[PDB]
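Student:
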Amino acid sequence: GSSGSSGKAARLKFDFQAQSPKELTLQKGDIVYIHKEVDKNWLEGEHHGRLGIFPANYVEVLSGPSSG
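The sequence shown begins at 1 in the authors' numbering and counts up one residue at a time.
Rendered as structure tokens:
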């Protein structure tokens with residue numbers, strides 16, 4: 001019932017500006033959830049208020065100090 005682990009959080013390398021209506025506009029230092037993979041350099045994601053797609057280049061899978 002919506003309990004477990006959706007996916008991995010990714011922080012935007014920098015302020016991204018979506019030129020197309022399909023893309024998504026995000027600012028440097030934001031967290032987005034990836035639902036499914038769109039293209040080799042593209043990914044899908046949904047955000048509270050705005051939903052669409054974004055480039056996988058302006059996003060990188062960060063890691064936590066949880067374990068060395």
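Where is the CB? At the ideal position from N, CA and C, for every residue including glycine.
Please identify the residue among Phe-14, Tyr-58 and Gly-49 whose C-alpha is closest to the C-alpha of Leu-43.
Tutor: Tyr-58
Student: From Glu-46 to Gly-68, what does the alpha carbon distance come to, in whole angstroms?
Tutor: 31 Å
Student: CA-CA distance, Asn-41 and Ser-5?
Tutor: Between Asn-41 and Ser-5, the C-alpha separation is close to 24 Å.
Student: Can you grab the Cα-Cα spacing for the pair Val-61 / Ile-34, in whole Å?
Tutor: C-alpha separation (whole angstroms): 11 Å.
Student: What three-state label does DSSP hand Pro-55 in the structure shown?
Tutor: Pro-55: strand per DSSP, three-state reduction.
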